[PDB]
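Protein chains in written order, with UniProt numbering: chain Z, 414 to 458, 467 to 578; chain V, 1 to 141, 148 to 295; chain S, 6 to 126; chain W, 457 to 507; chain A, 3 to 18, 43 to 159; chain F, 72 to 110, 126 to 308; chain H, 289 to 299, 307 to 335, 341 to 384; chain R, 109 to 134, 159 to 180, 210 to 270; chain Y, 372 to 495; chain B, 308 to 361.
Don't be surprised by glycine CBs; every beta carbon is placed ideally from N, CA and C.
First up is the structure itself, then whatever we jot down about it.
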Amino acid sequence: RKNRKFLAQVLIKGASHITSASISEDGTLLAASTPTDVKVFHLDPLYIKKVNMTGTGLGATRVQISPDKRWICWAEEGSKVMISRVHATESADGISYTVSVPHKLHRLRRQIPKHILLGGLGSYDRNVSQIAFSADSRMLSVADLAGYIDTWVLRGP
Amino acid sequence: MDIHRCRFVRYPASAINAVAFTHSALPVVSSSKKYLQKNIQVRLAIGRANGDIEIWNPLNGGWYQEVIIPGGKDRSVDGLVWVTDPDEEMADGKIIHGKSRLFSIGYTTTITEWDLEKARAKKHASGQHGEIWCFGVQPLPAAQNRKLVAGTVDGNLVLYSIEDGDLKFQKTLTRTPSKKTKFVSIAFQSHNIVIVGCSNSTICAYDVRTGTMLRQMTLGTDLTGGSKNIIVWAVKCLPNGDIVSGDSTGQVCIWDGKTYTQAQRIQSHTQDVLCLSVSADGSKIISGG
Amino acid sequence: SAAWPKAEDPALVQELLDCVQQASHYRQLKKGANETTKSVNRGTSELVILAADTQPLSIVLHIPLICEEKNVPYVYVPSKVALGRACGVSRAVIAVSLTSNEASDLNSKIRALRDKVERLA
Amino acid sequence: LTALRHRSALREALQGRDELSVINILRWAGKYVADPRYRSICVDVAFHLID
Amino acid sequence: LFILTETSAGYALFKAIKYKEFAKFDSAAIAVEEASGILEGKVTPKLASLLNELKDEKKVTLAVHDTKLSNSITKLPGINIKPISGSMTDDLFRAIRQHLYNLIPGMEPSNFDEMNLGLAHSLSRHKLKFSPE
Amino acid sequence: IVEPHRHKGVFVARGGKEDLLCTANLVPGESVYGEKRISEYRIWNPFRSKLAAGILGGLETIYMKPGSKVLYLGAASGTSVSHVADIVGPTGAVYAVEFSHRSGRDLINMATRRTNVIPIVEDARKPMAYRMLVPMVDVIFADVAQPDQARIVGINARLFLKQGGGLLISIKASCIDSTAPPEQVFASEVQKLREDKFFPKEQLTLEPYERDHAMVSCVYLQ
Amino acid sequence: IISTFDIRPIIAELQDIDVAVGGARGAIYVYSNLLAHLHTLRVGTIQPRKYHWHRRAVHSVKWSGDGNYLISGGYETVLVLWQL
Amino acid sequence: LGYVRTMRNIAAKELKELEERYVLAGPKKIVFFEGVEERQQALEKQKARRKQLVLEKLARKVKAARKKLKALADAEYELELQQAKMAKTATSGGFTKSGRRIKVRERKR
Amino acid sequence: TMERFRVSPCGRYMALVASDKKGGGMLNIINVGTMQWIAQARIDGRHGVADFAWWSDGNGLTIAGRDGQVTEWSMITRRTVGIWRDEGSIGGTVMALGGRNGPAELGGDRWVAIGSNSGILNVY
Amino acid sequence: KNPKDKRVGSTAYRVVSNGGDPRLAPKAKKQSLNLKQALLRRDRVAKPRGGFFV
């Protein structure tokens, strides 16, 4: 009975609903996506603060945080995958997080015929269902409902 | 591998209020014509009481849940309707299938159109009337001019227009004389005849073009308990013209199609029949109470 | 046609003719097109019921203009013979107009009935 | 309660209760074990409530 | 980007922000025939004299906001350029009439609203004889 | 004694026991519908006018001055549109729209004299039928007894109202929803305009003059 | 497990039969039309109408006269009449 | 009956004119805003005997005219009931002096 | 109740109006020789069945309900042949049906007479 | 929610309020949701809810 512990309950402001979330591997970074905003919280073993996001404001459906806690990748409006670097600056009180302006990465133009793109539900099966980083975050991949898998690599300085 | 079983996560279940397929039925083709219906996107939309509208894929028996679009707090979903155009043909004989648009009501005066590409609500339309309780899309006989008919609390059958990516309150066909008549279910017999159930023990049969009234079918008291007014919770229409209606007594009534009188009363349930379904060839009726 | 606030539902038609018969026994009723026009012009009329089975339909079409000017509700029943022997006349009555007073169960019925006519409109 | 012992259903009658009504049937059993004219039925009801 | 504007007098075209060309007219009883011709979407001499160029279609575009007029002038084979309907073109056909004071020194340096009044009276009395008295 | 009111183009006449509203007659020596006139000023009757019931109620602005452009939606037989034409003067012009044929008859027989109005007998739910006839306006007045009144105002304002324009709309609760509270009906209509990209500045009831009628004065995109 | 059955003839020829099989689990299965289902290798899908009221086995099932009603009786000491 | 009808028409016209003049003498308005900030800004902007005598006079005139019209309408209804009581055949309508309501269910042949 | 009934002219059947008004009246039809239910004819009205009459050949029956709806209901096909309306009847009270050499598929009776609650009796 | 109106005694100054529902869904009317339930449970009573508990 003492093993588990109902530790935290984070309430989101507004009226929207949490579409997705993600947490860093050490649990100090949490990110939750509504279809209006993408909110990011910093945690200290609790004590929770809200990291100020900028540049977003149209919501997302999937959110992933890198295993080295440097990349925050979401799926704005379902189909537009975006990513942002977060800069971690240590101080005398502890660590603090500044999230950069979201740098949208472009997805590959697949060859789909015009009658298929007009009929059916339209461009419905473009929205990415999974967002998966590698274990060392040198490589991103996303995947949608049509069966398309699009991957990205990291080119450093 | 060591396992901690955990049942203390009280995930909330939410009541399903509206189930709506994309196509009600596809035309039967052979095995040599199997390649014609391969790109037809058949999806199932299920709207829960917490406002979650979530698309399923039947997948030839796979049933994969694809997208969940949640609504906000204090927001529910009551009715779901897909609007599927007929098959357009190109210049070369290729087939453009029907673009399917999803419409919903949320116990409000507003019909919402959902954008499944952007995974949010696309449009809102509302007129000066009561809260919409039931609605449906007019069936095909016109081609590009299809219209939604919506019943409501205070009575007035409002009629919305949908063409060329639009959803606007066109007009109001009629309203009942009694203000206490609440429209609870709606189903179309043909292109121009709308069958509505009401709360004051009636099944009215309006005619959409002139907005007139063909006949007022009626049902008696409920003699099982109190509350004399029977409530026709679900009407639907057979392909040969008859009308099947489940009501507050748990009955299922079969109404004649040409005369609009009842032909049969089938006492089936104990509590009230809440939803009906009719097979595409008109051979089986499913009733859920 | 020109009879656009038509009462087609037989339950509402039966309610209208039952209230007409009750007002006829209360002597709160004006029968005929000329007497209906006089009651609507004088403003004593609470509700006015025309009939759509009139063979020249244009002989009762002036009453919708005066009811639009005086804001009283008018409604069309199907059968003028039914309206006639609902009033208790033994003739065909094409327009009838039932009036109001201070305090009556009939006046409460009139208020509910014109609410149902406003639901038709 | 004698009819519910004769028709085999006293366990079914007692098994679906909640806290306040268990307290009510216990209060009846305590109040009416005293009369030896229905001590048997009252003790049987108390057996099933203990079990 | 040929746009098709119809005022009570004449037409204007703003293809290249700024206005490109026009067509003016005044004070005739064939103005009500022009009015009925755009009540339906029939053949119109001012329309044809506007859309008659000699080269070819050079880009298939003509922005007209009413779909009825668009797919009634689609069928004319005199120039075989195909128009486009109102794809929620509120901004174009609202801004040109609100900023139409810039246009007035161009084609008709005047105030032409008296024939607008005359056409209004003519159409309204035509419908009052359509409901004859 | 006649003074001009706070609203330009509107006059009041004051006496020892009365205070009346009036306008400056564009056709002197002529009356329209049997109205008293003072020497030439026509007395505006708030019991037959929706707009004159707003001005005596505390309407802060009416958005129109002499020389403006007003589109009148629902011109019932030329009662208030004559006073609106006399407000806007000769350099202004009022575009009357009325679907009903008898009021169209009386509207055109009124509109023959006053040349600054143009009458259009067309359904107000179809703006592309008089898109040729109506230029850009400054003010939309709207007194139409249809349940999609905000939708009619919406399509006519997307096709004819200027950027930053004016809207004076008269809402009828017993026309839109006769069972709900009129405060709730009026709040839903204000919210429909607000999502229809107006900016509601004020709302006032017409209730020494009419029963369950509101007047919403709002601006368009500013 | 079949406890009883009653067959009624649908007619001076014999057009069809309607079989009511009262089973030992309590149900009464009404097979509506049999000679027109087994007259025609291949047969169409036949599916009895189930009428379940008796708890124990149903002792006797009979059609009644005109064929509107299905009268029945089991261990529960009750003559039941299915309106049908 | 004809005299009472003419006097009722005159008195109804007087009541309509007097009620129009009384309304012309003397949750109503709803203003919408996008947000709580704009609502509070408009609330900051909101923070920044002869009529009584003449309106009481018109109110007393309106009440007396309503009394006169109600009296003439009751007189016209009583005279229509007198016609029903004195018809050449048995006609329904009106109460007897015992209180029992007259209702004959015969048809006028 | 069993108060209102009609025995067929052939003597084989007997119809009893079931006391269940509720906006439409039914009548249960009983074989005379065995006194057992064999059919049921339901018409829609406001207060039920005013009266009814067997046809002269003995098969069907004509059921005149209140509020004017009259219904010919056959015994062979055991469903409604047709529905018509009495002229201007605000409510029917009685009906009778007689004569010979009528229509062969409507029982062979020539005249139908329907009397309403106002006092007017129509003969068709 | 919305700020409540302030009346001077004659006029009422009120903030407009439509900031509740941006793009999410409109909030369900609790008076209408309880009415449809009251048509479903007319005179009928609930069965006793749980097990052995106060």
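Spatial neighbours of residue 408(Y) in its own chain (CB-CB distance under 7 Å, excluding positions within 5 residues in sequence) are listed in chain order as 399, 401.
At least one CB atom of chain H sits nearer than 9 Å to the CB of residue 408(Y). Per the coordinates, the alpha-carbon of residue 130(F) lies some 19 Å from the alpha-carbon of residue 157(F). Annotated three-state conformation of residue 242(V) is strand, per DSSP.
Secondary structure at residue 341(B): helix, using DSSP grouped into helix, strand and coil. At least one beta carbon of chain V lies nearer than 9 Å to the beta carbon of residue 265(F). Assignment of residue 144(F) by DSSP, reduced to helix, strand and coil, places it in the coil class. Under the 9 Å criterion on CB atoms, residue 451(Y) is classed as interfacial with respect to chain V. Boundaries cannot be given for residue 76(F), as no beta strand (DSSP E) includes it and DSSP labels it neither H nor E. Beyond the five residues adjoining it in sequence on each side, residue 86(S) comes within less than 7 Å, by CB distance, of 97 in the same chain, given in chain order. Here residue 56(V) is bridged, per DSSP, to 44(V), 65(V). When the Cα atoms are used, residue 194(F) and residue 250(V) turn out to be separated by approximately 54 Å.
The beta carbon of residue 563(Z) lies closer than 6 Å to those of 502, 549, 552, 571 in the same chain, with the five residues before and after it left out.
Assignment of residue 119(A) by DSSP, reduced to helix, strand and coil, places it in the helix class. In this structure, the CA atom of residue 153(V) is about 41 Å from the CA atom of residue 51(A). Listed along chain V is no residue with a C-beta nearer than 8 Å to that of residue 58(S); the closest approach is about 16 Å. Inclusion of residue 138(V) and residue 159(V) in the CB contact set at 9 Å is not warranted, their separation being larger than that value. The C-beta distance from residue 204(F) to residue 179(F) rounds to 7 Å, short enough to meet the 8 Å contact threshold. The beta-carbon of residue 119(A) is placed less than 9 Å from the nearest beta-carbon of chain F. Contact check for residue 224(F) and residue 150(F): beta-carbon distance about 7 Å, within the 8 Å limit, so the pair qualifies. For the UniProt domain "Ribosomal protein eL8/eL30/eS12/Gadd45" (22 to 110) of chain S, the residues whose beta carbon sits under 7 Å from a beta carbon of chain Y are, in order, 22, 84, 86, 87, 90, 91.
It is roughly 14 Å from the alpha-carbon of residue 132(F) to the alpha-carbon of residue 89(F). A residue is called buried once 16 or more other Cβ atoms fall within 10 Å of its Cβ, and residue 471(Y), having fewer, is exposed. In this structure, residue 241(F) sits away from residue 230(F), with a CB-CB distance that is not shorter than 9 Å. Listed along chain B, no residue sits closer than 9 Å to residue 181(V) by beta-carbon distance, the nearest being about 18 Å off. Looking only at 141(V), 71(V), 170(V), 111(V), the smallest Cα-Cα distance to residue 92(A) is reached by 170(V). For chain B, the residues of the stretch 474 to 486 of chain W that bring a beta carbon within less than 9 Å of one of its beta carbons are 474, 475, 476, 477, 478, 479, in chain order. For residue 106(F), the CB contacts under 6 Å within the same chain, skipping 5 residues up- and downstream, are 128, 129 in chain order. Rounded to the nearest whole angstrom, the C-alpha separation of residue 114(S) and residue 372(H) is 53 Å.
In the DSSP assignment, residue 100(V) falls within the beta strand (DSSP E) that extends over 100 to 105. Distance from residue 103(S) to residue 38(S) at the Cβ level is roughly 15 Å; contact not present, criterion being Cβ atoms closer than 8 Å.
Residue pairing from DSSP places residue 436(Y) in a beta bridge opposite 420(Y). Residue 218(V): member of the beta strand (DSSP E) spanning 218 to 224, first to last residue. Within the model, the alpha-carbon separation for residue 50(V) versus residue 197(V) is close to 34 Å. Excluding five sequence positions before and after residue 99(V), the CB atoms of its chain that fall closer than 7 Å to its own CB belong to 85, given in chain order. Interface with chain Y (9 Å Cβ-Cβ cutoff): residue 328(H) is excluded.
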